[PDB]
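As a plain string of letters, each chain reads:
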Amino acid sequence: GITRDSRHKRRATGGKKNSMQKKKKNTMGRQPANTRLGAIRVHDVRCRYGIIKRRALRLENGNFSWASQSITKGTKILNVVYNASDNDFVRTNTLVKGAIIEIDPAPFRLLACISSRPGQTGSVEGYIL
Amino acid sequence: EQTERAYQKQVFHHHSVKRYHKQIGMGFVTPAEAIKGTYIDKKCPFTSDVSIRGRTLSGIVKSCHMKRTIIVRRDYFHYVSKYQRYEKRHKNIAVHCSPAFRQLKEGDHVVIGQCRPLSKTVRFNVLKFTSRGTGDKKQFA
Amino acid sequence: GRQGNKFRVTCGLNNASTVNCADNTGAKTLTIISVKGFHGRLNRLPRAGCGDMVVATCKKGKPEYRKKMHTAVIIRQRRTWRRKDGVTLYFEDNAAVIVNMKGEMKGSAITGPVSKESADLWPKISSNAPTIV
Amino acid sequence: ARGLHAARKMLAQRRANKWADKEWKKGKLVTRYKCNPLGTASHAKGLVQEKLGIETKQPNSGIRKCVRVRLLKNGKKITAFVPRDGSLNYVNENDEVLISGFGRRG
Amino acid sequence: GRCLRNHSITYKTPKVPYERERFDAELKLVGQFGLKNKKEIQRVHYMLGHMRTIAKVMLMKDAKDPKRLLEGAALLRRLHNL
Amino acid sequence: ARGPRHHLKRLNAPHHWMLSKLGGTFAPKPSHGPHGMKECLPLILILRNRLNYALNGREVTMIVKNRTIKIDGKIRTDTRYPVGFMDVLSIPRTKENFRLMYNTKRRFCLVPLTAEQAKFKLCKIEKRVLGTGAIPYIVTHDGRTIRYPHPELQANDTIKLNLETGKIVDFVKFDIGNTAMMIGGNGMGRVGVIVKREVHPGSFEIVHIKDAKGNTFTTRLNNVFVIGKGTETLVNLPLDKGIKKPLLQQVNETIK
RNA sequence: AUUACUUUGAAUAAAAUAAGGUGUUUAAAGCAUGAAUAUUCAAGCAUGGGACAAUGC
RNA sequence: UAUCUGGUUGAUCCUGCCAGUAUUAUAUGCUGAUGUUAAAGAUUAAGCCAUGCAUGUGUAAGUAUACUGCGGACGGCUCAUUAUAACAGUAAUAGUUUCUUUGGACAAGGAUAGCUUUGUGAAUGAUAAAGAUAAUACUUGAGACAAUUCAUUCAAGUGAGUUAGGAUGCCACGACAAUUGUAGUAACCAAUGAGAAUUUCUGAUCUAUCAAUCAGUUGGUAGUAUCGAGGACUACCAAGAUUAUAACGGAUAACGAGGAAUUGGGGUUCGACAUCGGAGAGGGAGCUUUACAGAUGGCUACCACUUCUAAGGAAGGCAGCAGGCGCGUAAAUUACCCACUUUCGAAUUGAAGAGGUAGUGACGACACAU
């Protein structure tokens, strides 16, 4: 699959590396699971050494936080507003860390930046500016 | 200071936000400009969480054209056993230059130290620098 | 080497009509030269249908096959032909497998489908076919 | 180039000056595997084609019986010296004959 | 290398193969000791050189050399009871 | 290699295992346990080389499996159990006990242990870690995890452990007025008194130790195993006391 | 002020190189007390000296 | 043993090379009384293979009027690849980490085996469906935290840490077999682990009839991906990186190291092969099981081969041990046994062409008939 090894790159001087062996399984790699908006749907992928990763494709509820009053209540996310990694990620409404999202402050009153790894943790968390 | 797209924020941030500077280890001093400065760096040995391990080399800074990274040159020797004579050699190493050292220029002695892989070729941090002469090329970082 | 009575198949390959080579004998294209069993007529070019043994020269392939005259059998053709049970079918491209007079296929595999008319005619071909359309 | 720090010129000089010998250079050119009929082999098997007699050089006289042998690995033609007195009769046409160098090296 | 079990040689042929100053002296020892062939003469010659070098390497250092005292005392001791 | 290695070749085994070179192609691989791979002696070799109880290794299984050999406070049934440092070793079926100890000649020596002094075994503190729940505990040399220890203990001291009760008895600090026995390389098998320790902030800490007869030797901090405080010997030292004879009474003595 | 140089140590796979011991009947062998066994060229770590040396105020 | 000798001339003195010389490793002619030891399909073909064996396992402690568990990811063979790649010494993981081992409701719900019940094919370790039947196979159930994610705080040993730990708000998995003899399980911490994997410094043959090379290329930001750091990948930004101290490229009949042959000192040649590391199972490519495989005595597709056939189809990878053809100057028996060493297992017993013995054996080493 996708190998993260350094045998397909070049040297610091521009020279091309020459192959000696095939791909090694210790260089695993899995296709990104862009966490979009939608119903709760989280898969479980079996990683190396038997550990299980909560692989998330779509979630709508995320556990937020706001430190000025120390209250953490989950809420539904409306849509992604702005992303600092890529501009085409805004339209697809993907959920990635460090992406500005807009929410409904229904349980915060009675602009959120994601600070988790929803593709790996399986859940969405954030905070309020 | 704050000019790029993403919100450049320091890894260890605390409200009075305070400037987090940790004191360095093996007999080095923290630069004065690094305390009162408004700069930000996520790989600086002082203001971030990168540790300098046992390996430590030194050399002369060769290039200062790369953003927050410089190239050091080490003109060492190699002993040829058969001829009983040494042949001069060199090796170039890219070291991550923190923006704490603003007067660093090409041709300045620098003490480097190992750390975790920061990029494809950069695996070291600058620890101190010393001034030298000039050649009309006062090229800083 | 043929085993049976071929029906009527509308021949769509002429003289000097390049066909592919479904075989695995290191030959690419074989331009038809003649057709075995062709009852000719004045000013008429030899016609090859489906399941018709031909005589073709290899103009592209391995050196021991290039520039020589071989004997082939057409396994699929692009000219629409009608089966007797009212089916009107045609393939994607022409192709032909190198055989000998006894019918013993020279290769060992066939790429793509094989028309039914050219499978029962030569039992040595139907075995190697992936599918028989 | 005697200097203590000049260990690159001396090494480079010897690398350059070593290519001019007629003996070691034969051991690094790829000609033994290419132009030598024997190659790196001790013995060569072949087939007899022609019987030929080479007259000796100027001071000597007489005809040296020999055979033109075609190898089985390269196909080249080499003249072979029949060993003993009256031994040309023992060899025949189209038979396996072993060919193995001479006293002078190669 | 092919085998774990060690091996060694005992006799080395003299460089010059034919000398009349070495053929005569060989039968002055072969006939005297009643030896079978010339293998034995080469074997003792290896033995003498086996320790002659050992005495020569350690003779070049000072009398206070710890290795000279350690192996030298063993070298003289081994060669005295023999 | 695709994963873990199982077969240990004869030569790849550590040299202090007394093994030959023509005996066989393989050597018994010590399993995971309380001590390292090269810091150990497998239990199979102890009962066949040092003890000479069994003609071959087949009969070792007909011994350990019978619940015969007792090590530390428990009793094992593993043929190749890893036996390392001076942990006690009791065999009640033969009424005799030993102790795996180093010696100045770079080997593994067995000092007999009486029934009165086999009730406890020394252990070396490796690191002090503040566990979860504000529960500190110290990892010992044999990998033993112990509960709440004395708070005065450091990470490089020594603790006098008991087998049955499993509690700390006495503690000896790592200071300048104590004695230690080495487990290192050239210096292992040597006992002496620490006289000076130099700290290098770069890589290592180097300590100077003086023998009983005045001999001074240098070693690394990782090799130090404190045996007592104030030239007092808390366990039975080997037959040679652990002194380093200057090879004057080895070449000459062995003649007679 | 570094570096080189030089003296020391530490750690440094076995096999093997030269062997310490050991009458396989000698020897090739073998380790039946395990020589401190010395090994590490090139590099690297700490250290006593600065004559010769390279770096510029 | 710090060693020379014949050869240009009528003769002499030199440079100069040819041949002679001694030794290691290959082949071969002739001869070949023994005892001990011992190499042995690599050079040209990592070419192709008929056959036979080489991975299986049951204690009282899982299920008994085959299921389940572990292993085949070790061992063994070959040297095709490979030129700062690998490897060796060394340093880091304050940038990651398992398997095994050692220290911390007097009982629930089920159907799937064995054996059949009726068979279908010429076969493939071929496969159909009807009846039940147990769990240490699967869910539950409860008898009571731990550890991860996120936002915020108290802040120390440590060469060095807003760090081990503690306290908050909160999400998530959520336990200690409904466990067997007349030991077994879930997790969490640590050691085994100087281990495995990445990585720091130094070190490689010839070539300039190879002088300029690189565009994910050099670095930064932010994310993704992976057990884990990182252009490993992605979007944006700047133009940067190497280079006469030999960059980029080319050849090897190049796996590297420990080492071997030969040496007065200095050196030269070799090393696939005892042991360590690396790579591969006709060729790449893609994946399954699992703690570790890009596994090939596992699977699939393609290219090239091989075997049976009822002409409808089926599997196979001897660069494993013997043995067959070819290749060549060039290389052994289609043997027996787990007794020695060791490994695997449901564990004192069962298995091993690993291993040992026997057989051929003038590659070699030691004593030695006449």
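The deposited coordinates derive from cryo-EM, with the record listing a resolution of 3.1 Å.

Topic: the protein's contact with RNA strand G
The local shell around RNA strand G holds 35 residues, among which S8(E), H50(E), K21(F), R220(F) and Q250(F) are the closest. Taking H200(F), its side chain carries an N or O atom lying 3.2 Å from a sugar or linking oxygen of RNA strand G. Counting residues per element, the ones that place at least two in the surface near RNA strand G are β3 (77-80) of chain B, α2 (39-58) and α3 (66-80) of chain E together with β17 (216-220) and α3 (248-251) of chain F. Per-element tally for the surface near RNA strand G: the top contributor is α3(E), with three residues. A class-by-class count of the residues in the surface near RNA strand G yields 10 nonpolar, 14 polar and 11 charged.

Things to note about the packing of α2(E) against α3(E)
All names here are of chain E. Relative orientation of the contacting elements α2 and α3 amounts to 150°, with a least axis distance of 10 Å. Taken together, the axes of α2 and α3 are roughly antiparallel relative to one another. Regarding α2 and α3, the two cross each other, and that crossing is left-handed. Every residue of α3 that contacts α2 at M51, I54, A55 and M58 is listed here: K67, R68, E71, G72, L75, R78 and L79. Split by residue class, the contact of α2 with α3 holds six nonpolar, one polar and four charged.

Quick notes on the protein's contact with RNA strand H
RNA strand H sits among 177 residues. The nearest are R48(A), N63(A), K88(B), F26(F) and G133(F). For RNA strand H, the fraction of protein-proximal atoms (within 4 Å) that sit in sugar or phosphate groups is 77%. One nitrogen or oxygen atom from the side chain of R30(A) is found 3.4 Å from a phosphate oxygen belonging to RNA strand H. Within the side chain of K82(B), an N or O atom sits 3.2 Å from a phosphate oxygen of RNA strand H. When grouped by side-chain class, the residues that make up the surface near RNA strand H number 48 nonpolar, 63 polar and 66 charged.

Comments concerning a nonpolar patch on the surface
Taken together, the side chains of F77(B), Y79(B), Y86(B) and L4(D) define a hydrophobic patch exposed on the protein surface, amounting to about 390 Å² of accessible area. Its location among the elements puts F77(B) in strand β3.

What to know about the interface of chain D and chain B
Of the residues lining the interface, 10 residues belong to chain D; the matching set on chain B comes to nine residues. Roughly 850 Å² of surface becomes buried between chain D and chain B when both sides are summed, with 59% attributable to carbon and sulfur atoms. In terms of surface lost to chain B, no three residues of chain D exceed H5(D), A7(D) and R8(D), which account for 52% of the buried area on that side. Counting every contact that joins chain D to chain B gives one salt bridge. A salt bridge links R8(D) to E87(B), with the shortest nitrogen-to-oxygen separation between them at 2.7 Å. Where chain D meets chain B, there are four residue pairs in polar contact. Here the residues of the side of chain D that touches chain B are counted per class, giving five nonpolar, two polar and three charged.

A few points about the arrangement of the chains
Of all four pairs of chains in contact, the one with the most contacts involves chains B and D. In this assembly chain A lies apart from chain D, the nearest approach of their C-alpha atoms being 23 Å. At the level of C-alpha atoms, the two units chain C and chain F stay apart, their nearest approach being 38 Å.

Digging into the pattern of salt bridges
Residue and element names in this part refer to chain F. Taken as a whole and assessed by the stated rule, the structure comprises 26 salt bridges over all chains. Here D72 makes a salt bridge to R144, at a shortest N to O gap of 2.9 Å. Here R144 lies in the loop between β11 (135-140) and β12 (158-162) and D72 lies in the loop between β4 (70-71) and β5 (74-75), a separation of 72 residues in the sequence. The class for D72 is buried, based on a relative accessible area of 10%.

Concerning the interface of chain A and chain B
With 11 residues of chain A at the contact, the number on the chain B side is five residues. A buried area of about 480 Å², summed over both sides, lies between chain A and chain B, and 45% of it is on carbon and sulfur atoms. When residues of chain A are sorted by the area they lose upon contact with chain B, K9(A), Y82(A) and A84(A) head the list and together hold 50% of the total. There are zero salt bridges connecting chain A and chain B.

A word on the packing of aromatic side chains
Within the structure shown, the criterion is met by 11 aromatic pairs over all chains. Judged by centre distance (5.5 Å) and plane angle (50°), the rings of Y79(B) and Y86(B) are tilted. With relative accessibility at 34%, the residue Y86(B) sits in the partly exposed group. Taking 5.2 Å as the distance between ring centres and 70° as the angle between the ring planes, the aromatic pair formed by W19(D) and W24(D) counts as edge-to-face. On the basis of relative accessibility, which here comes to 39%, the residue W19(D) falls in the partly exposed class. Chaining the aromatic ring pairs together yields one cluster made of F85(F), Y102(F), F108(F) and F225(F). Across from the ring centre of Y39(B), 4.5 Å away, lies the NZ or CZ of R19(B), which sits over that ring. Here the basic side chain of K9(F) rests over the ring of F26(F), its NZ or CZ set 5.1 Å away from the ring centre.

Thoughts on the sheet that holds β11(F)
Hydrogen bonds along the backbone pair up the strands of a sheet, which may run parallel or antiparallel. Residues and elements named next belong to chain F. Overall, antiparallel pairing links the four strands, which are arranged β11-β10-β12-β13 in an open sheet. Two strands bound the open sheet, and with one partner strand each, they are β11 and β13 (168-172). On average, each strand axis in the sheet is tilted by 40° relative to the strand beside it, whichever way the strands run. Sheet topology note: the strand β10 (residues 120-131)/β12 ladder contains five bridges and is antiparallel. Note on β12: the bridge partner recorded for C123 is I159.

Examining the side chain of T56(D)
Residue and element names in this part refer to chain D. In this structure, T56 sits in the loop between β1 (44-55) and β2 (63-71). In this structure the side chain of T56 is engaged in a polar contact, spanning 3.0 Å, whose partner is the backbone nitrogen of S61. In contact with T56, other than residues within four places in its own chain, are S61, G62 and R64.

Section: the environment of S85(A)
All names here are of chain A. One can find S85 in the loop between β4 (74-83) and α1 (88-91). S85 sits in the exposed class, given a relative accessible area of 56%. Linking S85 and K97, residues 12 residues apart in sequence, is a C-alpha distance of 9.3 Å.

Section: helix α1 (residues 43-50) of chain F
Along an α-helix, residues three or four positions apart point the same way, because every turn accommodates 3.6 residues. Among all positions of α1(F), only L43(F), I44(F), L45(F), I46(F) and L47(F) are buried. Here the buried face of α1(F) lies against β3 (41-42), α2 (58-64), β6 (82-83), β7 (88-91), β8 (96-103) and β9 (107-110) of chain F.

Looking at the sheet that holds strand β7 (residues 126-128) of chain A
All names here are of chain A. In spatial order, the strands read β3-β4-β5-β6-β7; together these five strands make up an open sheet with antiparallel pairing. Looking at strand neighbours, the two that pair on one side only are β3 (61-63) and β7, the edges of this open sheet. Each strand of the sheet is rotated relative to its neighbour by a mean of 50°, with strand direction disregarded. When β3 meets β4, the two strands line up antiparallel, connected through three bridges. Looking at β4, one finds that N63 is bridged to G74.

A few points about the layout of surface pockets
All names here are of chain A. Here the second largest pocket is characterised by a volume of approximately 1,000 Å³. Where the lining of the second largest pocket is concerned, the elements lending two or more residues are β2 (52-58) and α2 (118-121). Per-element accounting of the lining of the second largest pocket gives the leading share, three residues, to α2.

A few points about the nonpolar core
Residue and element names in this part refer to chain F. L43 and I46 are the most contacted members of the largest nonpolar core, which has 40 residues in total. Counting only elements with at least two residues in this core, the list comes to α1, α2, β7, β8, β9 and β18 (224-228). Counting residues per element, this core draws most heavily on α1, which supplies five residues. Those residues within four positions of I46 in sequence are excluded, and the remaining contacts are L41, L51, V83, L100 and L110.

Analysis parameters
Residues numbered from 1 in each chain as written, not as in the entry; some residues may be left out. Chains lettered and ligands numbered in written order. Part of a larger assembly, values for the part shown. Heavy atoms only, no water. Near = heavy atom within 4 Å. Polar contact = N/O pair within 3.5 Å; in protein donor to acceptor, adjacent residues only side chain to side chain. Helix = DSSP H or I, 4+ residues; strand = E, 2+ residues; numbered from the N terminus. Nonpolar A, V, L, I, M, F, W, Y, C, P; charged D, E, K, R; others polar. Axes fitted to C-alpha atoms, helices over the stretch in contact; angles between N-to-C directions. Parallel < 35°, antiparallel > 145°, perpendicular 65-115°, else oblique. Left-handed = near helix turned anticlockwise from the far one by under 90°. Contact = heavy atoms within 4.5 Å. Patch = residues over 30% accessible without salt bridge, like charges linked within 9 Å, V, L, I, M, F, W, Y side chains within 5 Å. Areas by Shrake-Rupley, 256 points an atom, 1.4 Å probe, with all protein chains shown as cover. Salt bridge = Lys/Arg side-chain N within 4 Å of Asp/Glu carboxyl O. Buried area = accessible area lost by both parts, 1.4 Å probe. Buried < 20%, exposed > 50% of the residue type's maximum accessible area, 1.4 Å probe, protein only. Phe/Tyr/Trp six-rings, centres within 6.5 Å; stacked < 30°, edge-to-face > 60°. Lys NZ or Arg CZ within 6 Å of the ring centre and 35° of its normal. Pairing = 2+ DSSP bridges. 1 Å grid on protein atoms, 1.4 Å probe; cavity = no way out; pocket = protein on both sides within 12 Å on 5 of 7 lines; lining within 4 Å. Points joined across faces, edges and corners; volume = space filled by probe spheres on them. Core = buried A, V, L, I, M, F, W, Y, C linked by side-chain atoms within 4.5 Å.

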